[PDB]
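A note on names: the letters A, B, ... follow the listed sequences, proteins ahead of strands, and every chain is numbered from 1.
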Amino acid sequence: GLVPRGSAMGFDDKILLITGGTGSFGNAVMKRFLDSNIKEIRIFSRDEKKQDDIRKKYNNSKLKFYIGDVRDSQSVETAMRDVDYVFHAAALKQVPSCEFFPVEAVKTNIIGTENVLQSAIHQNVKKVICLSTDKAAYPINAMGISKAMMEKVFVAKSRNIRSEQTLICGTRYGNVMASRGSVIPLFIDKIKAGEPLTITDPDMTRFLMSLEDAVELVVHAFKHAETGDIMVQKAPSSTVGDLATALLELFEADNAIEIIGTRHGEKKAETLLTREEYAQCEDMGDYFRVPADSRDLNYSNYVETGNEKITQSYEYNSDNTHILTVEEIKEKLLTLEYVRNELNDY
Amino acid sequence: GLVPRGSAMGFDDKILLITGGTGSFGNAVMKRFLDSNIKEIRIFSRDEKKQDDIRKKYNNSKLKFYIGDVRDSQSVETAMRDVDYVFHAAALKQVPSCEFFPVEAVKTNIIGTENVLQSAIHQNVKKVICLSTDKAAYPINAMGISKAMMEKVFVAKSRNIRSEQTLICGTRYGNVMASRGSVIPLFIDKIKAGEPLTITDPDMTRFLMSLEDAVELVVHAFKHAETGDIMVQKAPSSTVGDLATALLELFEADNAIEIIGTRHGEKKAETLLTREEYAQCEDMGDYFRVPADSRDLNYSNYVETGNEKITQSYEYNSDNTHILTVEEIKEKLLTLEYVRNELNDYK
Amino acid sequence: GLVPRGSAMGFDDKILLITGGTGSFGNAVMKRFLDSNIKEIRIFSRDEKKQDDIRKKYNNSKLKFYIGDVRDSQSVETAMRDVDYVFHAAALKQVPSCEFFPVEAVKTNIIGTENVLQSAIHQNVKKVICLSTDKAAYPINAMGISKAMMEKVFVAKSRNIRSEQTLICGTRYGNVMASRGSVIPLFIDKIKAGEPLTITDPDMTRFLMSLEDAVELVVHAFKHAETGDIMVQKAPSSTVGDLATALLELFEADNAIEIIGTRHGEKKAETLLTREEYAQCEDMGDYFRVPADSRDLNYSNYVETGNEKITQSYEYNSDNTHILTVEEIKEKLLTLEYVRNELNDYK
Amino acid sequence: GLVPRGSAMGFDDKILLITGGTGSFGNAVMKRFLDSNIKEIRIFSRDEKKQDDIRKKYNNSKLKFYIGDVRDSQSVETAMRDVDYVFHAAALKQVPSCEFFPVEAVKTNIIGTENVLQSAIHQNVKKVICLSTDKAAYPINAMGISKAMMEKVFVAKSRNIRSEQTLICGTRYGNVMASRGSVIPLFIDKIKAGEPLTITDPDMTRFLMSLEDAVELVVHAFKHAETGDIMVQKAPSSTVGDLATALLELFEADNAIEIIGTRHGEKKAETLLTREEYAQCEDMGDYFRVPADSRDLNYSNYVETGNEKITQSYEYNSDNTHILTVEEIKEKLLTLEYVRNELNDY
Amino acid sequence: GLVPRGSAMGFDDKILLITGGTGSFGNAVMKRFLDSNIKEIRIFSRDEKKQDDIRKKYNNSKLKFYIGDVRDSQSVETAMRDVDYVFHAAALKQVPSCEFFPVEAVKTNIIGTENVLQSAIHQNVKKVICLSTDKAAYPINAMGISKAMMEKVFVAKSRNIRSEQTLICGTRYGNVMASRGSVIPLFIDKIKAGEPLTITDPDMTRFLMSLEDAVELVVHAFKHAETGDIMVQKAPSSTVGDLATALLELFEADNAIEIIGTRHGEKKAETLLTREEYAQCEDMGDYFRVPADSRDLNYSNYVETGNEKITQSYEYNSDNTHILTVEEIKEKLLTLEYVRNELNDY
Ligand SMILES: CC(=O)N[C@H]1[C@@H](OP(=O)(O)OP(=O)(O)OC[C@H]2O[C@@H](n3ccc(=O)[nH]c3=O)[C@H](O)[C@@H]2O)O[C@H](CN=[N+]=N)[C@@H](O)[C@@H]1O
Ligand SMILES: CC(=O)N[C@H]1[C@@H](OP(=O)(O)OP(=O)(O)OC[C@H]2O[C@@H](n3ccc(=O)[nH]c3=O)[C@H](O)[C@@H]2O)O[C@H](CN=[N+]=N)[C@@H](O)[C@@H]1O
Ligand SMILES: CC(=O)N[C@H]1[C@@H](OP(=O)(O)OP(=O)(O)OC[C@H]2O[C@@H](n3ccc(=O)[nH]c3=O)[C@H](O)[C@@H]2O)O[C@H](CN=[N+]=N)[C@@H](O)[C@@H]1O
Ligand SMILES: CC(=O)N[C@H]1[C@@H](OP(=O)(O)OP(=O)(O)OC[C@H]2O[C@@H](n3ccc(=O)[nH]c3=O)[C@H](O)[C@@H]2O)O[C@H](CN=[N+]=N)[C@@H](O)[C@@H]1O
Ligand SMILES: CC(=O)N[C@H]1[C@@H](OP(=O)(O)OP(=O)(O)OC[C@H]2O[C@@H](n3ccc(=O)[nH]c3=O)[C@H](O)[C@@H]2O)O[C@H](CN=[N+]=N)[C@@H](O)[C@@H]1O
Ligand code: NA
Ligand code: NA
């Protein structure tokens, strides 16, 4: 549900703004809230085409289409007036595009976020949920470094704005299974083309999250996050070599593997909580919550006083979570209707 | 050597601009270049008071004092006209203050650097060297993250602007030994006051670099870096417990150790080259050079083509260099005039 | 012909920048210039995903993919360095979305164009061709008004900057046949689904232009426009009722027609040249050239001196060109591969 | 009067801001409100001279002189604090000056307006009345195109701001008779110089409005416009050939006519309501009101659903209004004290 | 005390912001308020070092350290939220640095001040006290001219903002005795080096103010200034030749004097109140208060109506105040612990 258990919450008079609202996450979130009594869902983005396709597709009076840009504070102000909740998903998110145009990454992902937070604070928005990526933890590419910096920026407001004025929090998850351009559809197309599957490093591990998992994470933060939190879903992982086997077997395919080597900007394993975060997080069940530290702007935690619990802690990553067997991966894959439709047609 | 063996530069008609000029780094680089034939060293910062002290202290006709702020392009442009070389050291560099004010860290360390680079390109500057830190590699704190992003910003120029137009490169090094506020003067003060030494985690390792090491790394980049390069100096490391022991012994002191635990914003070990950087780097001897990849803006190294050499590389860090022994740390500590003076003053 | 008969251009050392590069117009111009000796075609937009699809689809070394936004001058300047030719197609071009967000239409279509022009002048670009629409002539909707104002902005340069510095011109054409979201694919879908064809006003006339027509108009301007020129392609028109009949017949289909009435934001007939433009234009054959007036900034053509030729001119519009017959419309519709494929797939 | 009939309106505690307040319309509006109990009339403009001449001329404690620029939002904010009503008349309004410097036209007429609207909304201004021109309908020159765009910008706020917060509307009229530089004083001076009257196109028609007519239009909008309205005064027209005859006869002059031809940037006839506007306007008597459409940002009126009433409608212009005879034009001319003083001295 | 006599004032829930808070005045003001029940003292400046030294030095939970820049309105907004009082001391204040970089002087001293005032007005700050210098009266160098302009800017808000919203006032004093770089420590070091004292012009007069005097002036304005006031402390002066004698005698030193001549950018005498200010000030005892004129923006005081009291008035400067004898100067010097410690060690 969209409401905590035993909660006195009604959406009848509320307005949700989604930035990046035409992207595929913005889109699944929109569908989740359309099934609610929310008054208005504002879809905010520069893409007049995407907006018109959605408008015609859903034909739903809850949906409002705003043209604007997170880089421009006046364009954000216009869509922010009267809004109660913001799911901030606008971002430059491709690794190579950010690597070659990092100033562009900073204007959208960092300054764009700060525009949206300042405007939500000015308009008395109740909640802002910022989206981030496991590429933000111990980051190595311009994309993940811009998102790690975006986290620092949204966290820093909790050392400055009253939760009862505007609650600001964020969610961090890995690439979603079967998202466009990702390795599941790459492999599947290779299978169907009778071409070899190109594996970078078969011993790489990545967390496995469906789109539905990633939408539930955003809804969990929307319901339970306190201001300054970063919220992560616990998730299993697999090696890429095993994901490939799994897809081979499901499609009963005989395609060879071709090892192409690790690409620029990629880790062997992804981290979801650094050592410090893991040391300080609270376990909410299927989620970890990382509370903002030093909300009173006391510096001494950084300088004079330390914690032997940080000294003793480990980081949370795709090598030390539950690494799925080949049969577990097939099972998880069969929960994805994307995989199922492709499996049928084959 | 401000110049490669077998080279001559006239610096005689050249102009060096140092941002961050009044800080202790700009200051040691400044002093290095005063002993050259350089025509003019422009000290650029907003600290009018420190500028006046440096002016009075050195009393040297080569030095010019410019007021201005890397956050303001017109302020930089005023100081950049006719400059040949820029050492870009302006930064917000404390961890806690970047953590709490990260928009200010982006404004000075990222947007400020881009202002300096765009103006240096506009004014036909020959080289810009950007200073960075080992806290930028696999960064955890807002400060190291902002410096990581600055590195991506200065490297991205080498895939747009042409080396014989403006060579743009950077150096990355760890905390300098005996710097203002760092653990060596902390520990020495604790000794002298007869108080216990507050150790966070005795098994932490940190690269050991003197100020003169760091100044040599900048000069090595100035002479030898190509556009897009990140230059690092190979360095030994020590554990924090052995650094305490070494000082305790040099000072013949018996203060207790008190373990206060790991502070927020800090790692067990520092990384100087990530796995991908190590795999791609060139060994210059006592230095590694990380060349910029994909100078022609081709995306296929990121998407379709990979490299097995990245796959079986690992990272260069303060646990896998040479970790000094207690007696090696004392030998290094004794090379520092700060340590000698403290020790002398101690009887 | 990317070059006038009796000319040679080496494009071999030349660089073309397309703003709006990922849209369907930039895409067809791009494909046109891939078959030339052009050194590099830079696709400029903020759509990182569409850029990656184009990159993978074409796999052509001439293509470079730049992230950036016509609203940001430094973003444009990065992509404009060393460019020889700019096709400026970036725009907000839907009517309802410019109507409801007209400040966004001004930011992208007017201020965005001025950013592109100032940077092209700064970087010594040889030509910029700006794309415009017949909704800009006697405009009624925020979209056509913003494009009318963009035309005034690019024409006003020719009364300031010098042709052998940067030639600046534009093309104006109507909706392209079978474009995304346009009435032809609407009607074909309605046929295939066995639903009635929703006609607004059957007596509306619109100029008929294919995508290849439109691409030829841009190439005609690139070869032949002078600075300040607005170029238009002469074109026939049809009424909307005959376009429906033509499709109904090609598809041997019997769907009813439903009249829904004129929508907000639309005219009965489109204008391609106003009265003043017609009076002043040169006939190039299948094209009209509208020269920029008063290149020396003299005001007297506006105040003290008039022209009897403007007085007895009229306007070039979709009612006074050649209005195609049903059978002529079917002949034109059959030249489009989109229509052929739809028709083929239909049995 | 300044107050609707039967209305409970008092100006005792209200503040009016006029931008472009030193221009000749700003000036007649000022004189109209000086005859009221308004507390303060702020005259806002860059022209320190014009302001000091007015200050000395009127010597009236209601008048306050602010220096500022509609292009600068901070300069507008300073004059906007505590204001109840704004008559926004600042503009670049010469045809050739806008044609040659259209970026200048956009910064004053379009962005300048958006600065004034955002600031009036921030300061809780009750009413903003924007002035526009018949050159804005089916516009052909940079000046009228910038004003047509300005209309779209002020209308668009009614799809976003509550009338009870800030009512935003606009008025559209043609050139005013006997305004400086206009054809009535040009002709009259030709008469007095014994030179031929230079007529562009004798068959051109233009609406005839006195300055007093144009001030009554602004007051009518101030009293009755709802948010998003464009308000036009019904007005007769004349051919230029007939205006010239009329002036010739009134002055009993024998001057020849010289035909100089249509100039750049001029239409044969002016439009006051386009076809779409005319189809949707309400007739208030001597005025038409064009209501803002789609205030709920429903797109479908643009895309899926049409109106056969638009299909059937005609536009409202100076050829299809009442075209005055030569005797009617003389009569109207004799109501203008400008014409009378010139007639006497002659 | 920090509270007027008989005043109902409590600092328990109040927040003070100090810009330029790491400079030596910002620092003495901070120490004064630390001795009070104020809830928070925010130290605002770009100098992360200075801030950390203070934090460690005082180790006091009242102190909060903000990084920011008066030149950036968003950086000021962050530190201004929830603030009750601002002591605005950020400035470029060296004569030669402003002379050579006057654009820099204008961005910090003039535009920086206007950022801080606009933000204090937006955040409903109760009081802003701006600091200025006697070099601002009849100014001759870029530094004093930028500060004279800063005074005009803060005064001008009182012709526009209600005191009950935000009271804006300023204090004007000369260089403080024994401040860093000033002539007392220069001379003293000359004495101790056995070098000649370099005197510019022995007949120059300057007002003598201790740091404690200058802090009491700021506290007096904080307690009693009304909006638009400039507040000056009455102060005696000395000739430089006499200051030098005094120091010579106190240290029983035989150093010669060397006359170096007047330097660029220096007056013979400093003015604290111009003629106009002196004519209009109220004498509060040990302070003069200069009230803002024409708070209703009536121009006529400038143009049509004059005051024979201005015609008759004199200016208040270091030649017409009480010029101290050599023995008086020694006495005043001995109240400065700086002088005392130096005297001892010698
Ligand atoms: C374009 C690019 O270089 N990488 C975009 C992409 O992020 P990335 O982490 O590469 O995800 P993927 O699903 O491709 O690889 C997963 C695993 O399979 C491996 N992999 C991948 C491709 C391949 O051919 N073979 C292979 O083994 C690969 O090494 C890894 O171990 O998609 C992201 C998010 N997509 N969404 N939403 C964007 O942020 C990025 O810009
Ligand atoms: C303020 C702060 O949090 N750290 C500033 C500082 O970065 P940092 O890495 O802390 O260097 P240090 O010299 O303090 O620690 C070395 C080792 O001693 C250990 N350490 C440190 C302090 C102590 O009391 N005990 C202790 O064991 C400690 O855990 C570590 O393992 O110095 C940087 C460079 N400039 N200087 N100095 C600034 O960028 C930073 O803001
Ligand atoms: C969204 C919208 O309102 N109109 C977009 C569109 O501009 P437009 O002029 O509508 O072109 P079209 O191809 O729809 O109509 C042709 C004729 O068919 C008639 N028409 C149209 C639709 C219909 O259902 N019935 C009908 O008779 C119609 O009245 C007309 O007489 O296409 C433009 C260019 N890009 N495309 N496609 C975008 O700039 C616009 O935002
Ligand atoms: C400077 C310029 O080119 N035109 C300014 C002007 O707008 P415009 O519409 O020309 O009004 P006018 O009163 O001149 O012509 C009326 C009729 O008489 C005709 N006309 C005019 C001059 C002439 O010599 N002969 C003639 O027949 C003319 O063709 C037309 O049919 O004044 C406007 C508003 N003025 N006010 N307030 C400004 O917006 C413009 O910048
Ligand atoms: C750097 C510079 O040129 N002047 C800074 C300085 O302001 P200023 O008024 O010079 O004060 P000082 O204490 O030096 O002279 C007092 C008298 O002694 C005389 N004087 C001074 C020096 C000397 O060698 N001999 C001498 O006779 C001198 O002529 C004068 O009659 O300190 C100021 C504030 N400092 N604080 N806080 C800054 O605003 C300025 O930038
Ligand atoms: Na922040
Ligand atoms: Na708008």
Against chain B, work out which of A/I140, A/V95, A/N301, A/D201 has the most heavy-atom pairs shorter than 4.5 Å and name it.
-> A/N301
All heavy atoms of A/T305 vs all of B/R263, minimum pair found to be O-CG, 3.6 Å
So what's closer than 4.5 Å to chain A heavy atoms on B/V153: side chain, backbone, both or neither?
-> both
Residues 184-200 of chain B: residues contacting chain A (heavy atom under 4.5 Å, by number) | B/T200
Counting heavy-atom pairs under 4.5 Å with chain A, the top scorer among B/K268, B/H264, B/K152, B/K267 is B/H264
Taken in chain and number order and not counting sequence neighbours, the residues that satisfy salt bridge (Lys or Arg N to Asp or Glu O under 4.0 Å) with A/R289 are A/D229, A/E282
Taking B/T311 for its side chain and A/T262 for its backbone only, find out whether a donor-acceptor pair lies under 3.5 Å.
-> yes
Any donor-acceptor pair under 3.5 Å from A/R275 side chain to B/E266 backbone = yes
Under 4.5 Å, counting heavy-atom pairs only, tell me which of A/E114, A/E151, A/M204, A/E308 racks up the most with chain B.
-> A/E308
Cut-off 4.5 Å, heavy atoms of chain A, and the answer for B/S300 is neither
Answer yes or no: is there a side-chain heavy-atom contact under 4.5 Å between A/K157 and B/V103?
-> yes
Top of A/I145, A/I111, A/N160, A/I259 for chain B proximity - count of heavy-atom pairs under 4.5 angstrom | A/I145
Tightest non-hydrogen contact, residues B/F100 and A/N298, listed as CZ-O, 3.4 Å
So, does B/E276 use its side chain to make a donor-acceptor pair with the main chain of A/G265 at under 3.5 Å?
-> yes
Considering residues at least two apart in sequence or located in another chain, which fulfil the side chain to side chain contact (heavy atoms under 4.5 Å, CB included) criterion with A/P96?
-> A/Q94, B/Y299, B/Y302, B/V303
Answer key: most heavy-atom pairs under 4.5 Å with chain B among A/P139, A/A105, A/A148, A/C98 is A/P139
B/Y278 OH: over 12 foreign heavy atoms closer than 6.0 Å | no
Atom CZ of A/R180 with >12 non-hydrogen neighbours under 6.0 angstrom = no
Residue pairs passing the side-chain hydrogen bond (donor to acceptor under 3.5 Å, both in side chains) test with at least one member in residues 135-146 of chain A, sequence neighbours excluded, are A/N109-A/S146, A/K135-A/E270
Check each atom of B/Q280 against the heavy atoms of chain A and say whether the ones under 4.5 Å are side chain, backbone, both or neither.
-> side chain
Using non-hydrogen atoms only, which part of B/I110 is less than 4.5 Å away from chain A: side chain, backbone, both, or neither?
-> side chain
Heavy atoms of A/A142 and B/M149 approach each other most closely as O-CE, 3.6 Å
